[PDB]
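Everything below concerns the one structure shown next.
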Amino acid sequence: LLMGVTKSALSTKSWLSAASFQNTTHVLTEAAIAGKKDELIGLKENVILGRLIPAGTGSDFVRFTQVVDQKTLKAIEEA
Amino acid sequence: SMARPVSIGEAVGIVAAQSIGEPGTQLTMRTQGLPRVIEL
Amino acid sequence: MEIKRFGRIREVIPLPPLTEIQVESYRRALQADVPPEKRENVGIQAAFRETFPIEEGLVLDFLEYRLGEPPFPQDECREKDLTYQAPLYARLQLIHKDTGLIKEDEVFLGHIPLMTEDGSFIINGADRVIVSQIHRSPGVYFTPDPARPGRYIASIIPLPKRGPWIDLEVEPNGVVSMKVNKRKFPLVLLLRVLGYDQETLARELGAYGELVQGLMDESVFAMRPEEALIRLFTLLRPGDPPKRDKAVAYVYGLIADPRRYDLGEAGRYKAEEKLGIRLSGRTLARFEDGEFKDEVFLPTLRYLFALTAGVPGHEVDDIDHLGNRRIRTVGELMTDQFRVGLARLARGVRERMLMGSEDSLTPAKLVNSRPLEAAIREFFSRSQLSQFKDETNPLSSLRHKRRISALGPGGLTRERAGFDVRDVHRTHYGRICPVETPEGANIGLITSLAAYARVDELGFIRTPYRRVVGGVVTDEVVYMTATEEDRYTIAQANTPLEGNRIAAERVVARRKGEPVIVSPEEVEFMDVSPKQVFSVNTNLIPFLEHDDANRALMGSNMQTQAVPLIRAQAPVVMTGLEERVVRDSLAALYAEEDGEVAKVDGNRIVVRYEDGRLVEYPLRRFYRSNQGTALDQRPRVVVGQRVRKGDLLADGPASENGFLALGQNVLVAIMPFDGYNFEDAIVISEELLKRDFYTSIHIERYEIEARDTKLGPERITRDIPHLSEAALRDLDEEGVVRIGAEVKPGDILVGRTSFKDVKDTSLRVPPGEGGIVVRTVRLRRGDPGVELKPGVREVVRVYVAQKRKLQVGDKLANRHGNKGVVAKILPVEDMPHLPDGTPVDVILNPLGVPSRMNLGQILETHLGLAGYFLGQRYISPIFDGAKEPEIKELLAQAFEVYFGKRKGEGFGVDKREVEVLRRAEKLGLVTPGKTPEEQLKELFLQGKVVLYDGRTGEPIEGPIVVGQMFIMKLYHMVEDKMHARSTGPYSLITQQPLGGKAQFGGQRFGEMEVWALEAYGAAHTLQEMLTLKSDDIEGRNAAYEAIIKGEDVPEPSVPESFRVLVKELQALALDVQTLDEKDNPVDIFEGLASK
Amino acid sequence: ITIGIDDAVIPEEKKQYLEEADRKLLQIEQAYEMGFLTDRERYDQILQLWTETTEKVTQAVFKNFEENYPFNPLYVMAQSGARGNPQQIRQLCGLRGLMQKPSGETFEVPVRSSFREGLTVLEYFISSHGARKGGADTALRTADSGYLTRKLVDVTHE
Amino acid sequence: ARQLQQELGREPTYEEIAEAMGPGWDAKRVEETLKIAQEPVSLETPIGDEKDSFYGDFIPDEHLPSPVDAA
Amino acid sequence: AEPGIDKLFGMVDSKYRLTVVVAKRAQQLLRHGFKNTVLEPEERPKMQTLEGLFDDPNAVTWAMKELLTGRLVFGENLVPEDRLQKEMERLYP
Amino acid sequence: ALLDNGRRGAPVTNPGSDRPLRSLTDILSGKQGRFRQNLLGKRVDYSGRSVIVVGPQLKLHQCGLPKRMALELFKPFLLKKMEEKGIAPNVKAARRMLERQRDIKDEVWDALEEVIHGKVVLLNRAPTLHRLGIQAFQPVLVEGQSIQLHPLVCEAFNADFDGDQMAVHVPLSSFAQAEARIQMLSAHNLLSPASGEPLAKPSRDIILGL
Amino acid sequence: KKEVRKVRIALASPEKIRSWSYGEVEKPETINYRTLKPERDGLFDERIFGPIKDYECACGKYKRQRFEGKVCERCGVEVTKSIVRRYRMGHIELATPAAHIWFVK
DNA sequence: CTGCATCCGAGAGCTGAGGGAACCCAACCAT
DNA sequence: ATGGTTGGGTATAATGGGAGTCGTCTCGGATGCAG
Ligand SMILES: Nc1ncnc2c1ncn2[C@@H]1O[C@H](COP(=O)(O)OP(=O)(O)OP(=O)(O)OP(=O)(O)OC[C@H]2O[C@@H](n3cnc4c(N)ncnc43)[C@H](O)[C@@H]2O)[C@@H](O)[C@H]1O
Ligand SMILES: Nc1nc2c(ncn2[C@@H]2O[C@H](COP(=O)(O)CP(=O)(O)OP(=O)(O)O)[C@@H](O)[C@H]2O)c(=O)[nH]1
Ligand SMILES: [Mg+2]
Ligand SMILES: [Mg+2]
Ligand SMILES: [Mg+2]
Ligand SMILES: [Zn+2]
């Protein structure tokens, strides 16, 4: 299928971003009828909830990196 | 912006939207022009 | 200084009074000085004569009205926050048809605001201007069918809110149909109601073919007119019981009731001229002898059929034609609101007549005047067309009074209007300025009246033309509308003349806006002046013909924002309109009659006229305008001086010897300078600051109130706890700062204590403000003329003055659209200087010229150089003024002075000048083989001089354009804009920082700022912005505590706005629940909302 | 580097180019008085003639700058890319050219004056139509582009 | 008050209204009565021409402690 | 530009990982009062005021300098966080 | 009417006015609704605004910040630094001293200069059309009321000097400062993200001179 | 405090709405015209929505902390933080059922 | 019985700044 | 024990309302037309 940007954006899985975009009453009533769960995949939902966006320094690829010197690492190695 | 392979974690969707939208403001005149881009 | 003027065009008539569009309109609406027996049927008199008699029996009939004198003068109204108004009394009589008794009484109806001499109003102590509105004229129009070509739609349009628009259209099946109130139905039914037979219609519309066949319907005709009336009523009001008298009343009110339907005088005139018939009144039909009589419908249908049949002499209408658009001025809008109030008063009267005891009733007891006062107050306080008057300088007020708006109540919408209404129509020529308009989203919707234009009694703009007879231009001047203008061939005003005979074989002319070339015999009218094409603001730009229209727009708009200066000068190059502008703004003072001056003071001028009467004119001194600028009048006359009629007595703000003085004439060089004039920036010399150039005076008002509270009254006093005597030095014994004290941010202006046993609630100077306290005003309960709000015991106001010098970040502009912010202030020894030691004052970057194509500033600079060395000023009218050869001759004389001075003292040509002359010889600016003086003169005749660098002493490698330029300081001051906040007040609901510098607010981090933060991948910065700095209450408290304790800020939490969103979604009966990874509820409200 | 009025050099060829045009126009009128041309054909021929005259004037202006004043301020500004494009320079020096009515159709007479020579009142009013149309174009375009950008952000944000 | 204004040809003062009510009425009591008769205004009253500014946008919260106060 | 920014960008596979490492090292330096630094006493970042040169208070500059020296180890799942912090506290109270 | 006013029939209005009452649906939706006005965008603390002036003597990574603006923006840091020094006995005394303009001395400016050492601020010009509309700069304290901007970032900001104003924001924590210094530094953003061509490049007078 | 990972939206039953509410709003009164205090059973009642002042009941018997969760016998106001006035809901019991317009229009 | 075809109604149109109308009478809870 | 507040009562006859708005564009249900 091929649909314009408006209809593609309003048809997403996340009801928070679609509700904050446009046609709020329709999106909200459909999501409430369906009991939709928003999994917070995109950026708009995390911004709305005031969370750390899954991009840049908030990406799971890099945000669990640790840093340590050589002296502290050796002490833990002896332990 | 760095002339090197993109880093993992880059929000390329936002970058794409801004890249398309910036010139359209004022640069693209107004079937032809901005209406053509919007129609497409 | 001698003034020399160019130009060949002689103007037969002077400019009309520039504020007449307001003054004449309101005078005609009020008719205050016309005795009641000779008052016309316009204005509020028409409203009175229409609403009355209030028939019920009892009859209340209007006889006449009068207007009293204002209870308080203008300055008292300004000081006490009152409205400058006059009482309105109407004398009425109650008669009893059955009995006969007549009770006559004069009833007080309320107050009507009065326009001042300058053309503004004083509403609640504030100066206001009513903006004229442009809209579609009422009448009959015919337009092409958009859906299907070859068909036409007829429209009947009454005055706004005075009836429904009526559409007539030939349906594709052949039957004609009339649409009213969104109800399609066949017009033949209503035609039968009006009393038309088959033979009459057939003979009136037989010629035009099959349209009359498609009109025919035997079912409708067979019914008697009354039956047709009932049937039409049941089509128009489905469900409503079809009583005869009910249907009669409804249909009468639809098209035939003068109190409900009203084609205006303009609409009547336009219908009569379009249809070639005679109206009896202002309605589409008349109700006479229990029978409807037609007035407009059949002529409209005839014209429509003839147009559809292609009969010659029938054309469609251009709805943007200025003959089809009209202007509602202040008087008409006020009269419309007055009519609405009068209708509500009539309703109240009728109700009281029904319920009241008819035996003991008088006009006073029947009439409740509250609705009329409410309507007038609403119009003058909440109408979008009633605007806070712009009085930065007198030109600002003059411009504001001549403004025309397409927006407003009943007007167009800025988001839905597109291209059609915003375009410059051909008929705008001489009526609406094509240049002056806002640049943003309001472009083309707000415009200005042309300089010579006049709004006629019907609301149509007229422009003047000279009559030409047999190739001879006469002195007869005819003011014409666009429709009348369309019937002639009009020659341009710059047509060559010998005496008053057209001395040109080929004449450029306009025919219905189309340029044409005609012989002198074919000429019927000629333009009066180029000045008539543009507005007053655009008429003040010299060399306007050398400027692109966009930059002329910028210059015209930017002359309104010029700030009055304490050493303001008139421009070196003027257009010849500055004196009329100064005179017509009523800012300066002029001698009423021939006489002699007796007493002169900084606040008073007493003049002894030849009548022997002494007249004393007080002077307005250091008065705060609506925009904070100080407007004062300074005497320009001496004791014993002889003054003729109209001679200047005192200069107003931004005036120099009666000439408009919005800025300063400065020496400028056009050259780059170390990147400090990069991209519109401006470099200025410290010598400007040394001699108080571009120094302005500004006044700010700080207001406080002591009111009544449940815990005890507030009190303004000096006794304030918990402050040392260093903070209470300047307060007097009454708790108010003393006059003349200097105040800085944090200092107390008025002391106040509130019952907390009391606590400090004093008024202090906000950050970034302060100055010298110049005035204090105290208003207490009971004082004459004071009307405080209930509960407030007293109010104290303090006026504080500032003397602002030019600084980095201030905005300067010339009249050609060149604007820029001061970026660097250099000492005198660093500025480029002439070989005689004179430094320049301003350096402008040449890169601003080529793409803006405003060449008028360059010619202004050349003429300014010539005038600077010749010591004279110039008047150069637009499109007829100084040309290049004249400027070159003046520059030759100026060079003779500028160089003979040096040669007399015993100096030759400098070595640096020789090097520059060599460079210019290579550049091709001078001809090889001439002496150094001849090449220097050639450069001077090109407007260029050898310039030396103040930092090194070496000359600029090429000759540089140098000359005098008129530059104004703009109201955009960095002092009033710089603002910063760490923490402060928060909003009630969202718990987010407030907005605005006045509220000590924070900057808004909007959607695209968030988008940029996301595109950078700066997740932690964005999370900080969205929680720790806006609405995470615990988060922001902890962050501040950690920062002041030296630690790092903690992790953020859920923002309060999301909790507000959850609660508002619950109020809509929607269950929003936050879940963890195992789909179990997570309580974000910390157990404070769970039972 | 500075800008004077004489720095907007008017080429001599322009005068010739104008007379040549004033020649052919007469011819066109003849061809319309003898039935050989329709209204549409004559209108298009006049428009084409004036367009080619404008192009010739542009070429003459820049040839004069290249041959005689290679260090001219406007020429240097345009060639270095600092400020200005050839059309604006032609408007400053050669002639403004043809203008569009509010209906979108061209006028029959062009503006034969440059900004250095100074326009007449009628020519200024005629150009005001295009100036106003460009301003209104900008005003609507900015809003339409903002709305489009918001839609794109909403569709690609994830 | 409306009858007094009709008679006087101008807005009456509070003392005149107090005199016209009868015994047991002074200007202060009239002031209190006018004070308690004031009807609240809407937090959603539009300020300015554009549909972007409401009255409640200009009202600060005075209940919750500020970050400085909490510290 | 920041000194050695090209080297820092070349030391990691993703620039956001470099940002995360720098921020975490700055937090570590701030928490222990710059006593856990890997810089020699003559590589310490200095700041010039009227009284004289003192230590640079900006921990992010210290973190970038330390990353430049190459004496810091960074990666995924190097040491448990609790044990890491306890050991750091043991060496530097 | 309570749930969605102005949807079926004539909207409910308050007497004496034509203004429709604002229902919950009106609160939720629109440009002024909760989502677009308070959730996807907020007003923030530690921010300011001022007119911009050309900064030709600045380096690529530097911006000129007014002294008063900087004092207001970094106020808690300045209070802590004043506590560390002998300027004030306690934070409350430092705040009271900083409250009145005429009560400020000389050493507080040196303390402020020590406070901002190495830190960066965010400059932003509306409208923000691309990410380059926000950039990080090291502040140099200047006199006056105007922000000084480097000439080479004007094209990225679409900024000129005919009255333009810009907003200033302060990243607070170590993570925010690291992100601003590494990712959003002006000297680190030299090529266009849209085309890959240089975006900070000579223009106007620089091209003319060369 | 568990991390939030998903947000769900669904229809609310009358039982759910009644479990949300801390009491039924029975009167249209907002505040008293003399004392500017909330009216009992009104739209601002402290018995339903919570106290205006922190740790202080309506009648002033208790004005101190440690009484969290304790309801004053005379006035019926719980002793807790006043911030609960922006979280605690009420409800109106309709005499007849009404349709939610979102699902109609 | 299907299909397409106008027809109606519903939801949109950049950011930032600044902008403010009856009267009377008697019992009864609250303070 | 006082004022403030609240419930009840008035008897010729009365019997269906009233303001308003016509200068915007695009897209998805739906009733109407034909085959
Ligand atoms: N009801 C009514 N009746 C009559 N007239 C009415 C009216 N409503 C509106 N108007 C008209 O609206 C205009 C009011 O002026 P405004 O445009 O409101 O403001 P200004 O005083 O000109 O200041 P500004 O700072 O915008 O100036 P400039 O463009 O030089 O500033 C340059 C810089 O400012 C910034 N800027 C300007 N406009 C911007 C915008 N829209 N968005 C963002 N930034 C903007 C940019 O950084 C830019 O580079 C008048 O022409 C007036 O006639
Ligand atoms: N978001 C908006 N910004 C605007 C609007 N109007 C003006 N502006 C801003 O103000 C700027 C005004 O630009 P100017 O007209 O001065 C022209 P610019 O500097 O772009 O070009 P040159 O004249 O070629 O030097 C514009 O670029 C925007 O940054 C508007 O309606 N919306
Ligand atoms: Mg503007
Ligand atoms: Mg610019
Ligand atoms: Mg600008
Ligand atoms: Zn209690």
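Just so you know, ligand 1 is whichever comes first in the structure, and atom 1 is the first atom listed for that ligand. We use all heavy atoms of the structure for the numbers below, so side chains are in, but hydrogens, waters and symmetry mates are not. Order of the sequence lines sets the chain letters (A, B, ...), proteins ahead of strands, with each chain counted from 1.
A distance of 10.0 Å separates CD of C:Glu436 from CD1 of C:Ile404, quoted to the nearest 0.5 Å. The CD1 atom of C:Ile684 sits 4.0 Å away from atom CG of C:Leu806, with the distance rounded to the nearest 0.5 Å.
Ranking the protein heavy atoms by distance from atom 46 (C) of ligand 1 puts G:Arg125 NH2, 3.6 Å first. Looking only at protein heavy atoms, the nearest one to atom 43 (C) of ligand 1 is G:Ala126 O, 4.3 Å. What sits closest to atom 5 (N) of ligand 1 on the protein, heavy atoms only, is C:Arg403 NH1, 3.5 Å. Given atom 2 (C) of ligand 1, the protein heavy atom at minimum distance is C:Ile446 CD1, 3.7 Å. The protein heavy-atom contact nearest to atom 1 (N) of ligand 1 is C:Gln387 NE2, 3.7 Å. Of all protein heavy atoms, the one closest to atom 15 (O) of ligand 1 is C:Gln561 NE2, 4.9 Å. Nearest non-hydrogen protein atom to atom 50 (C) of ligand 1 is C:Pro438 CB, 4.3 Å.
Remark: of the listed residues C:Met968, C:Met558, C:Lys969, C:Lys969 is the sole one forming a side chain to side chain contact (heavy atoms under 4.5 Å, CB included) with C:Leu812.
Nearest heavy-atom pair across C:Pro850 and D:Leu92 is O-CD1, 3.8 Å. When all heavy atoms of G:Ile134 and G:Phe157 are compared, the pair lying nearest together is N-CE2, 4.1 Å. A pairwise comparison of heavy atoms in C:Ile123 and C:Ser381 identifies CG2-OG, 3.8 Å as the closest pair.
Within 6.0 Å of the NZ atom in H:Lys70, the count of heavy atoms belonging to other residues, nucleotides or ligands exceeds 12.
Ionic pairing of C:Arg403 and C:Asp390 is not present here: no N-O contact between side-chain nitrogen and carboxylate oxygen is shorter than 4.0 angstrom. Salt-bridge check for C:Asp680 with C:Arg852: passed, with a basic side-chain N closer than 4.0 Å to an acidic carboxylate O.
If you look at G:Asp160 next to ligand 1, the close heavy atoms, those under 4.0 Å, all belong to the side chain. Contacts between C:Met558 and ligand 1 below 4.0 angstrom, taking non-hydrogen atoms only, are absent altogether. Within the 4.0 Å heavy-atom criterion, neither part of C:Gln384 lies near ligand 1. Here C:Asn442 has side-chain heavy atoms under 4.0 Å from ligand 1, and that is the only part of it that gets that close.
Residue G:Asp164 has at least one N or O atom closer than 3.5 Å to an N or O atom of ligand 1. For C:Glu439, no nitrogen or oxygen atom sits less than 3.5 Å from a nitrogen or oxygen atom of ligand 1, counting backbone and side chain alike. Checking only distances, C:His972 does come within under 3.5 Å of ligand 1, N or O to N or O.
The presence of a protein heavy atom under 4.0 Å from atom 39 (C) of ligand 1 is ruled out. Under the 4.0 Å distance rule, the nearest protein heavy atom to atom 33 (C) of ligand 1 falls inside the cut-off. Atom 53 (O) of ligand 1 lies below 4.0 Å from at least one non-hydrogen atom of the protein. For atom 36 (N) of ligand 1, no protein non-hydrogen atom is found at a distance below 4.0 Å. The protein does not reach atom 26 (O) of ligand 1 closely, with no heavy atom under 4.0 angstrom from it.
Side-chain polar atoms of G:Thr128 and C:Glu1009 form a donor-acceptor pair below 3.5 angstrom. Side-chain atoms of C:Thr560 and C:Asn537 form a donor-acceptor pair, as typed in the model, at a separation below 3.5 Å.
Distances from the Mg ion (ligand 4) show that G:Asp162 has no N/O/S atom below 2.8 Å.
Geometry about the Zn ion (ligand 6) gives an angle of 110° between SG of H:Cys57 and SG of H:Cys59, rounded in steps of 10 degrees.
The atom name of the N/O/S atom in G:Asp160 closest to the Mg ion (ligand 4) is OD2.
Between the side chain of C:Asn626 and the backbone N or O of C:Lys389, at least one donor-acceptor pair lies under 3.5 Å. The backbone N or O of H:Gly50 lies less than 3.5 Å from a partner atom in the side chain of H:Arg85, making a donor-acceptor pair.
Residue contact check: G:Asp162 has heavy atoms under 4.0 Å from atoms 30 (O), 32 (C), 49 (O) of ligand 1.
Nearest to atom 28 (P) of ligand 1 by heavy-atom distance, out of C:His400, C:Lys811, C:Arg399, is C:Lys811.
In this structure, H:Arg88 satisfies the cation-pi test against H:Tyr22, with its NZ or CZ atom closer than 6.0 Å to the six-membered ring centre and inside 45 degrees of the ring normal.
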